[PDB]
């Protein structure tokens, strides 16, 4: 399944995923393509931040859906 | 205690004593116990900041895992700063959390805390109220921080425009310290400060 992830630059990252993939797996893929650490990544779909342990299928995320990536540099 | 922890602290303590920064009265450190696990630090407020002319004492606790974990440092002297709790003195600084490295020392911690005073990070706050004021109203934050440097840290000058508001509430019968804290935390709104004091 192909999905898109949009950055605030406008840059679109194209990923290949499965509905069974968790959100942390998606972040791991984003690290592999873009060198961005997963603890800096917030993924957003349908106006809501997605949580790490749930799957794409849990959120009704489908072929050619667009997620949003906002980088929040940790901040403890 | 572990020999590496004891040797490192003994070395780092003398380095602070012998430092150029200690000869300029910028930093110092003293022992509290006989075992080197508790120390008291002092740093001068940096020049061209609201903290100038203030002296800030620090509680420093050395973990059994030193030098591979950071010291626990707390401001004893009250301070108005986005990254330091105005209530507890707890510090939000990356080197005291997740970016400690074993090569760091008592000296570099004390110096880093001075650099923090000169350059706050209000987007990673310890004190949300101080941080909100820092960003929303820079001039008020600066005058409030200078007032706190004078009141708590022995800084010579503070600002006459706050004197008036402090004296009004002090004349209502409230304690001057409580008044200072209420007015600072309410961004100098007399009415909400009075409400706070009345609870």
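All of this is worked out from the model, or read from it or from the source named; none is laboratory data. Heads up, the Cβs are rebuilt from the backbone with ideal geometry, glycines too, and the neighbour counts pull from every protein chain shown.
Among the residues that make up the range B:128-144, is at least one of them under 21 Å from residue B:27 (Cβ atoms), surrounded by 15 or more Cβ atoms within 10 Å (Cβ to Cβ) and touching a strand residue (DSSP E or B) at 6+ places or on another chain (Cβ under 9 Å)? No, the range B:128-144 contains no residue that is under 21 Å from residue B:27 (Cβ atoms), surrounded by 15 or more Cβ atoms within 10 Å (Cβ to Cβ) and touching a strand residue (DSSP E or B) at 6+ places or on another chain (Cβ under 9 Å). Quick check: anything in the range B:114-128 in a helix (DSSP H, G or I) and in contact with a helix residue (DSSP H, G or I) (Cβ under 8 Å, 6 or more places away or on another chain)? Checked the range B:114-128: no residue is in a helix (DSSP H, G or I) and in contact with a helix residue (DSSP H, G or I) (Cβ under 8 Å, 6 or more places away or on another chain). Does any residue of the range B:94-105 turn out to be within 14 Å of another protein chain (Cβ to nearest Cβ) and either in contact with a strand residue (DSSP E or B) (Cβ under 8 Å, 6 or more places away or on another chain) or crowded, with 20+ Cβ neighbours inside 10 Å (or both)? Among the residues of the range B:94-105, at least one is within 14 Å of another protein chain (Cβ to nearest Cβ) and either in contact with a strand residue (DSSP E or B) (Cβ under 8 Å, 6 or more places away or on another chain) or crowded, with 20+ Cβ neighbours inside 10 Å (or both), which makes the answer yes. Considering (1) assigned to a loop (DSSP other than H, G, I, E, B); (2) closer than 20 Å to residue B:42 by Cβ; (3) more than 14 Å from chain A (Cβ to nearest Cβ), the lone condition that residue B:65 does not fulfil carries the number (2). The residues on offer are B:119, B:145, B:149, and the sole one that is within 14 Å of the chain's Cα centre (by Cα), without any contact (Cβ under 8 Å) to a residue 12 or more places away in the chain and assigned by CATH to the domain that holds residue B:17 is B:119. Has the range B:157-177 got any residue that is farther than 19 Å from residue B:193 by Cα, touching a residue at least 12 places away in the same chain (Cβ under 8 Å) and touching a helix residue (DSSP H, G or I) at 6+ places or on another chain (Cβ under 7 Å)? So far as the range B:157-177 goes, yes, one or more of its residues are farther than 19 Å from residue B:193 by Cα, touching a residue at least 12 places away in the same chain (Cβ under 8 Å) and touching a helix residue (DSSP H, G or I) at 6+ places or on another chain (Cβ under 7 Å). The strands (runs of 3 or more DSSP E) falling completely within the range A:2-76 that include 1 or more residues that are touching a helix residue (DSSP H, G or I) at 6+ places or on another chain (Cβ under 8 Å) and within 14 Å of another protein chain (Cβ to nearest Cβ) map to A:66-71. With respect to being free of Cβ contacts under 8 Å to residues at least 12 places away in the same chain and within 14 Å of chain A (Cβ to nearest Cβ), residue B:128 fits the description.
Restricting attention to the range B:24-57, the residues that are closer than 18 Å to residue B:10 by Cβ, crowded, with 18+ Cβ neighbours inside 10 Å and under 17 Å from the mean Cα position of the chain (by Cα) total 5. Considering the range B:109-125, the residues that are more than 18 Å from residue B:50 (Cβ to Cβ) and surrounded by 15 or more Cβ atoms within 10 Å (Cβ to Cβ) include one that is nearest to the other protein chains (Cβ to nearest Cβ), namely B:124.
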